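One structure is given below, encoded as structure tokens.
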Amino acid sequence: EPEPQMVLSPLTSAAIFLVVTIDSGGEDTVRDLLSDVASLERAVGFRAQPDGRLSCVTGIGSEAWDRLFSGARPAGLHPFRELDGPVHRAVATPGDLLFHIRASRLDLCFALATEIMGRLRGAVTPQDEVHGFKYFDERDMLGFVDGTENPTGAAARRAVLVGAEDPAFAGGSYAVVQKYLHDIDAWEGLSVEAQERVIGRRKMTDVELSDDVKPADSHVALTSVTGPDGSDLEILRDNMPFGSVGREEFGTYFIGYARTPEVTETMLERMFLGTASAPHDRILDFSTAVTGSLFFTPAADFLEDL
Amino acid sequence: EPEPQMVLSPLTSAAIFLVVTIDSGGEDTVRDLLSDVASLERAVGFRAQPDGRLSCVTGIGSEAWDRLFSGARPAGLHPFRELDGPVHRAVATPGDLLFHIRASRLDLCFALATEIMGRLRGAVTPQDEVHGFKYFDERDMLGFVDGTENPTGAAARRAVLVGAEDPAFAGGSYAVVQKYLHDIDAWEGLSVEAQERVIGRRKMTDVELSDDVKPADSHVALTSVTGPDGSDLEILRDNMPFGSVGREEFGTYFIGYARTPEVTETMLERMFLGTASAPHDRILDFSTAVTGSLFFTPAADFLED
Amino acid sequence: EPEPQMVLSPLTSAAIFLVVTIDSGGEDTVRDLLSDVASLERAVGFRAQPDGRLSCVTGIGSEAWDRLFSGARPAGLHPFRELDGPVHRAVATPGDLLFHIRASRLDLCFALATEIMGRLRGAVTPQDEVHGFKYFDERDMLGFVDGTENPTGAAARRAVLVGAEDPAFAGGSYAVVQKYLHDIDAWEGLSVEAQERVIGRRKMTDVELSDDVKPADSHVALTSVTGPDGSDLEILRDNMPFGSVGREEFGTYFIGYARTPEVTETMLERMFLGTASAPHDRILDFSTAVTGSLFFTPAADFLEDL
Amino acid sequence: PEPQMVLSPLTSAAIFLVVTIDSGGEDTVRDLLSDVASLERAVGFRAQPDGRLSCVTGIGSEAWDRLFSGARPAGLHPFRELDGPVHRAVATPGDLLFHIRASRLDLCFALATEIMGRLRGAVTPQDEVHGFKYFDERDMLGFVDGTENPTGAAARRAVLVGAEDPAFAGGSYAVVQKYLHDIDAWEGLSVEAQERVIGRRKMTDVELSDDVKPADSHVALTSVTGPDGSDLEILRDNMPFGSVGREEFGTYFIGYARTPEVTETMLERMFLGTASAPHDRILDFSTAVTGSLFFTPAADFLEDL
Amino acid sequence: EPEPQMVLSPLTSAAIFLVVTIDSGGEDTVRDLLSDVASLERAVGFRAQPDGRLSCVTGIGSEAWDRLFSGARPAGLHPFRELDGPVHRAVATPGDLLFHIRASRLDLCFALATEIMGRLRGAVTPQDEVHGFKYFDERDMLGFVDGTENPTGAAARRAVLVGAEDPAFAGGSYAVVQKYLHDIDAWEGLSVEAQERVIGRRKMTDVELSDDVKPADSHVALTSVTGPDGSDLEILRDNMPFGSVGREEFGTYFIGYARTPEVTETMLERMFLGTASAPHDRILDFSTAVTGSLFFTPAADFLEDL
Amino acid sequence: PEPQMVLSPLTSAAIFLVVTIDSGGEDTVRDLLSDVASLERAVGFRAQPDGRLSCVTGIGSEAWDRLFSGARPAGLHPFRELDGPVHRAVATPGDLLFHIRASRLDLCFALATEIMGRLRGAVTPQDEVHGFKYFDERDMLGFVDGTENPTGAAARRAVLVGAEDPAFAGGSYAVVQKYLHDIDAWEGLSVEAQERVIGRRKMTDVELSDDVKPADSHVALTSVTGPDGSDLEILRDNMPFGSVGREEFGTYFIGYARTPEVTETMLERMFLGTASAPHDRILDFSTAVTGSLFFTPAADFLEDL
Ligand code: HEM
Ligand code: HEM
Ligand code: HEM
Ligand code: HEM
Ligand code: HEM
């Protein structure tokens, strides 16, 4: 192979998501940083082994790709597509670079973020900064276990990493991000049985509701899709809660990785636009998307060589 | 008698500091919450034993004290006193309640803060909310180990908890908070040897500089105070870094507990106003205080009733 | 002076409860063992320090007391008082000796139990043996967090240990054990909101229900008692799940320590016989007591000197 | 093809559940087999990564024929009784095996509860054992147990069906026997005598040298080389269990191998002896009270049902 | 109390023992260091809390005490007394200062030792340096669990700390050190049953041999001594293995603390000189003492204020 | 082909043992080599999983010739002395290397004891070092040590012999050098000067930028690009050691590579210098007192003797 970035990371309990745009003239500064970001990851992380588990995944948007590089583009790379649904909208917001920084402790994330933004001062404009924290039993802001059906091992490699279909960019992946805010008051007004019907799984035990009872507009129903192959289409997610109690913000930061954006984009269409049997994903009646961006996360080797 | 709040907490790596003012008419909602805050601490924390190490310490300001209660006031409770130094200023900012929430993980802090603010929606106005994280070798935002000379065990009990000198309020303590922002660019322009001269200890090994070489305007020099009998006056600190990379905010949230505010206030006067030997604490040449408040943290029993 | 047993133990995640009767002629063998039980706890436990957290608490029943010792009896010691409620029955079952063994691992518990019983074979007859385990995040078999409102530190010392009121036995405590079996099918038939009404706290978050809403026949309602003093009366509980899936046994092993049995017995009367405003504790509609015994757990120095 | 979790990390707790399928139970069983992987995830995922919950499902010979039609695994037959001059290996009923392992008992128990909940009415329990690791991987006779198990690629090659039965590649054969030990007898031997029974040193777990290791020692009789001269290996995960009230001290034996021929050879040598050894001396202190053989299919085989 | 030094330490798995003599003219350097040793302990240790468990206990010998201080002497302070037995001899070797440094990791021990010896360069001459490590189940070099019968809690405070019998020096203790080397070949030639008869406990299970079978010349027999009341006289031990495989050195570094040396010295006389019943402690047939020193470890306050 | 445990997890304790084979000792050493894997398991198994005990056994050039029938690994020769204008890399005797690592020194010692137990009489100790990692991966000079080692596939490729010497695939080449430091001298430097010697920042471990990194910095000289254009990498596991009484503060260097050409190049650069650098400045505070090269065979090689 070539070495991929740390897309398949161990379970980590803290994250920083940084989205920036590249200012006029910024391209050179950015190119230098990209070639050093792996060694900054080691500088910050190595001394905190082995509990640290610090990783940084760097992604580049469609328009930024063309400013930074010439030659081939990854096959799937385009701007995030707005979805204007009957009721709900998936918005598009600007973002040229993504840093998805993960570790077992927030401070490690922050130390690496500090170093990266230190090198980019003057070249970039911050668009989003989120400090995420996992709840102690892998629960999210809605109180459900979040992560359970993610693929693992070889299945994950198959679902997430670009291969032979675009061989110049093998080891890469496509990341979609959306920042969601929740109406927790509304959510907390449902009974548990009602909430389970929205998600499609049991709250306490995390056992999937049987097909005979799981609503067609439940989240798990609409995000299960089968390919042309008859095989299930999979993504790798690492959703993180965030918020502020003083400003009444409670949020889920969605990030989904896939070997092609077509998979992630299909799931999004089903959620926002609905199907024959479902107006839309019921989870969107409690969750509003306020950002939306798409990035390509190259193989590690690609970045080293600049 | 009394169970104190969890003022002497184990080392914890995450904190939420929440400072609020009480709206007119809010007093009753607040009173109910104060009587329940211990049981919220257990509800959220008990199931995360024993790694969770969740605690909440609740403090009440001088003006709010008068709105909430009648009868005795704690002897030492007054508003934070501004210090207008020749060069540096310690400001005073509004705050009626303090929640000092600590645990081994941020999410536990957040869950408890959510519960508290949920019960207070409509009664209070948030003034400050800070999510702190300790760096992995007890270092602070300036890269120095932070906490080393805090008292422990019986020395800490003696330094922090109100006793027989104000017996109605035994088990209590006085908390001073200041939010500091640092000029990291300036700081990182000093050599390590220069930084050590600012703090008064060695950066990598955390060994105190010897008396013959420690500057008089170093931080450790100015915050060492001896009482009339010649014994050292101590406080208990739990400084936490915080920040945002995007907005270039790099901060230290200072919190100091003491059995009387006179100790904390003296150290502050020495830092801001100087001594014969020292114009001011050199650490203030890299650190600006943007909040300042004083609270009394009652014994736990006091709140139960 | 006196050093209590390890009644106030840290949280431990395994236990063995062993209840035996003394055969005729067994008294001398039991007396020798009682003087050695602390040294066996060291023999087994010391090598697994400090993770091990092995503790054995030894309790003696009312009629056993008279066969083993002459001199003073602890003031509160009598047989367990059977409760014959309108609906639900707290039975009293034989028990001369209790060994309440706790540790962070079952094998340490088992090792100690093996050594104790090895010395006592010939002289005792086992009546009950339960291997208990912690379930998830301090949850019991009904899926609720169990322990939350126990007292801690000074408050626990005062609620549990005999003092000046019985000075010959200061450092002692009274233990009540009852093995409960649950009807899981019935219980799972309830909505979560209905279950929360039975217990009197929220299931997921373990927040207590407000006075505004807490039923009077909720468990938390009936087991809250304020003394003549105006102060609450507290016990220390360390309930352990146990069971067998093949036999459909799902259980809670209740053990509660108190400085006098009057406290424990009142809570039991409220639960089984009811109050002015509540027939009986609704928890008993899904929980059957099949054992019941009371024991005195002497101070450690009492046992040493035999 | 993805195998089941036969090669598991070291785990300190286990539940072994053996059941028979009632008449008419076959359809309920087939549904459960297709869901058992997702129950494993539901129960286990929230305790990652310390949980290490795994369930291996095995199917007996007669049950295989009730549940499926067409080709059978080449090696699948009922456990063969061994009627030795002194010691006997009995065969007991069992159609399905759930070998559930984790770092904590409660994860095992939660998964067993879910499985048996789906099978209520279709199956009858024959055996349920809750096993625990004892100290430092010791068994109930006080010896370290596991030391010579194969690891990594050697283990993959010893336990997984391959080319020799390609329709069932990814599978394995599990033999289970529940043993009870006569501890009184055992503890009457000196340590040196016990070492001669096992074939290794008690405290250090170093193998006895070939010049002193008896031919009727356990390690001697269970070391078997093929005609090509290579060692024939199995993967074991013996677990202690017991009840102190009943004076029951046991070892639950489970051995996995790519063909039952390997496991069965070792068994014949233990029970029936060799030219130079009447039987395995360990059987003078260990009685088998169960005996069953199961085929543990590749994971994909179960998914597609 | 006055604050004692960390004589009662948790179980720690690494130690450095440093014994030095003070050169002529060294006295002042030494006095400065003694007043700073607690703050060096915090500097080195604080950043590794709470896994670190670094402690240093500082002791002063008889002749050094007179060079360093005027005022009272601790009542019990004298040079270690050589014991010239019929077969075995307890030697006395020079030592003015003892640093007993303990932590969960060797590097913390070493960092503190480096700081201390750095301040004393020029003033002192090293006599003994041992780096000790605990075997993984609290076993010593002879393969027995070592530490089992040590006192804990209040019993330990009573056994080790000076009180009202020498009130000027309350909070202090007396440390005896001896470095032993073992004849492992001889030892390994005994059966386990024979080794158990030497020590007086069971090897694998660490259960004491019963009084009716424990030999009078076993180690546990000769180091059990009762005071006038018939109460056991106890010390606190923290023996540490050490060794060098290339030089065939396998050793136990003995350190025992007591409130008066009379107790420790009694046990030593019994071991080396024997009694009416026992020629000498059989453990000495496999263990040779090559050092011997006695130190007083003052209360921490005493060192602060010089 | 199964390698030894060259690529180990991070371990915080080590023993390095170097011996020579006495005349006539060769049969004894051959026996031990065939058992050393089973001794690693005897001692380590019971301490799973925290123990992480591993033993890597290396054989020198002249020992190879005395011990083995046929072909030699391509790269095996005696360590070549380097006689630089200022600093000298000495070559010292050593036939056998045991590189023992674990999370705790007692496991290391136990295994070392057992090995030397079998070898007493047949070998002569030349060096024995008990190493321990500082609490944040620091070496005796106070710098983080290990940061740029390769990982995973990159490491597998830089360390393990492949098809270029197919009889010995799975093997590796180890160079050891024991270094003693002049701490007094080194502590005389400012932090900025020390950073110039190493080529990275002290506290943060960030590499100095190319326009500030000296050419005689350690990181500068031990960066080597092949004829390939690609970086040439070794795998290091340097361990501090020492004795405070004797004023010895040391770094035990061990580097593995798939050919010694890589390690030897870096050594020439350090000791003999380049176009723009007299020698590695680190050698101005570090004296090598040993030097040997060994071949560490595949595990399978040793098993079959
Ligand atoms: C708005 C906040 C979101 C929350 C709180 C959330 C939460 C959840 C939860 C609780 C599950 C069930 C457990 C699990 O398998 O992780 C789940 C499954 C999943 N979610 Fe989401 N989700 C969100 C948004 C999204 C989006 C935007 C997508 C796709 C673009 C997505 C894709 C999935 C997928 C594919 C599954 C698994 C389906 C399967 O079971 O086979 N999620 N999510
Ligand atoms: C089936 C047997 C039992 C189960 C499963 C059970 C479970 C629980 C649960 C879930 C709670 C709420 C959380 C907490 O521990 O504070 C609780 C509280 C309590 N239980 Fe029980 N319990 C049982 C039997 C008993 C018995 C037999 C007694 C007394 C004799 C008792 C006394 C208490 C007390 C005093 C409280 C706390 C009330 C307060 O909030 O002040 N329990 N129990
Ligand atoms: C009856 C209870 C059993 C006990 C307590 C027991 C115990 C042990 C112990 C202590 C060892 C040595 C350490 C090790 O390598 O794990 C061992 C090795 C072994 N046992 Fe058993 N065992 C039992 C039954 C069985 C059975 C029924 C079989 C095979 C059918 C078996 C096969 C093996 C094998 C293959 C080895 C490794 C031999 C080698 O060193 O190459 N065991 N057992
Ligand atoms: C080679 C030196 C030594 C070794 C290897 C050794 C080893 C042991 C062992 C294995 C035990 C039994 C377990 C325990 O309670 O710790 C023990 C007990 C004891 N040792 Fe030693 N020991 C040594 C030297 C000494 C010396 C020199 C003394 C006293 C001056 C001493 C005093 C004791 C005492 C007081 C006990 C406990 C007695 C009681 O059981 O009530 N030891 N030692
Ligand atoms: C006194 C002996 C030594 C000390 C104290 C020492 C210390 C260090 C330190 C602090 C680093 C920087 C952090 C890192 O990347 O690990 C480093 C890097 C390195 N050292 Fe050394 N080192 C020593 C000897 C050697 C020797 C003898 C070699 C080679 C023969 C060597 C090869 C390397 C290599 C290859 C690197 C990384 C180069 C890169 O940055 O790409 N070291 N060493």
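Residue numbers (the working numbering), protein chains in the order written: chain G, 1176 to 1481; chain X, 16 to 320; chain Y, 1176 to 1481; chain R, 50 to 354; chain V, 1176 to 1481; chain A, 50 to 354.
Ideal Cβ positions, reconstructed from N, Cα and C, are used throughout, including at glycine.
Beta-carbon neighbours of residue i, restricted to chain G and to distances below 7 Å
i, result
"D1312 (chain Y)", "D1312"
For residue i: DSSP bridge partner residues
i, result
"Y183 (chain A)", "DSSP lists no partner for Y183 (chain A)."
"residue 1489 (chain V)", "Nothing can be reported for residue 1489 (chain V): it is not among the residues displayed for chain V, which extend from 1176 to 1481."
"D280 (chain A)", "A:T274"
"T1300 (chain V)", "V:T1196"
"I303 (chain A)", "A:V225"
Burial state of residue i, where buried means 16 or more other Cβ atoms lie within 10 Å
i, result
"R1296 (chain Y)", "exposed"
"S1188 (chain Y)", "buried"
"residue 13 (chain R)", "Residue numbering for chain R in the displayed model covers 50 to 354; residue 13 (chain R) lies beyond these limits and cannot be assessed."
"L1365 (chain G)", "exposed"
"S221 (chain R)", "buried"
"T106 (chain R)", "buried"
"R1333 (chain Y)", "exposed"
Within chain A, the residues that residue i reaches when beta carbons sit closer than 9 Å
i, result
"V255 (chain R)", "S87, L88, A91, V92, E163"
Chain A contact residues for residue i, given Cβ-Cβ distances below 8 Å
i, result
"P1390 (chain G)", "Residues of chain A passing the Cβ test: none, with the nearest at roughly 44 Å."
"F1308 (chain V)", "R153, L154, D155, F158"
Residue span of the beta strand (DSSP E) that contains residue i, given as start and end
i, result
"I31 (chain X)", "29 to 37"
"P1416 (chain V)", "1415 to 1419"
7 Å Cβ cut-off: residues of chain R touching residue i
i, result
"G1322 (chain G)", "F94"
Extent of the continuous alpha helix (DSSP H) to which residue i belongs
i, result
"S1462 (chain V)", "First-last for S1462 (chain V): 1462 to 1464, but that is the beta strand (DSSP E), not the alpha helix (DSSP H)."
"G201 (chain R)", "201 to 208"
Chain R residues whose Cβ lies nearer than 8 Å to that of residue i
i, result
"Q97 (chain A)", "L59, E186"
Chain-ordered neighbours of residue i on chain Y, where CB pairs are closer than 7 Å
i, result
"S292 (chain R)", "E1304"
Partners in chain V for residue i, counting only beta-carbon separations shorter than 8 Å
i, result
"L66 (chain A)", "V1420, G1421"
Open item on the list: So within the segment 1227 to 1296 of chain Y, which uninterrupted beta strand (DSSP E) runs reach at least 3 residues, ignoring any that extend past its ends?
Closed with: When DSSP assignments are scanned along the segment 1227 to 1296 of chain Y, the uninterrupted stretches of beta strand (DSSP E) that are 3 or more residues long and fall wholly within it turn out to be 1230 to 1235, 1272 to 1278.
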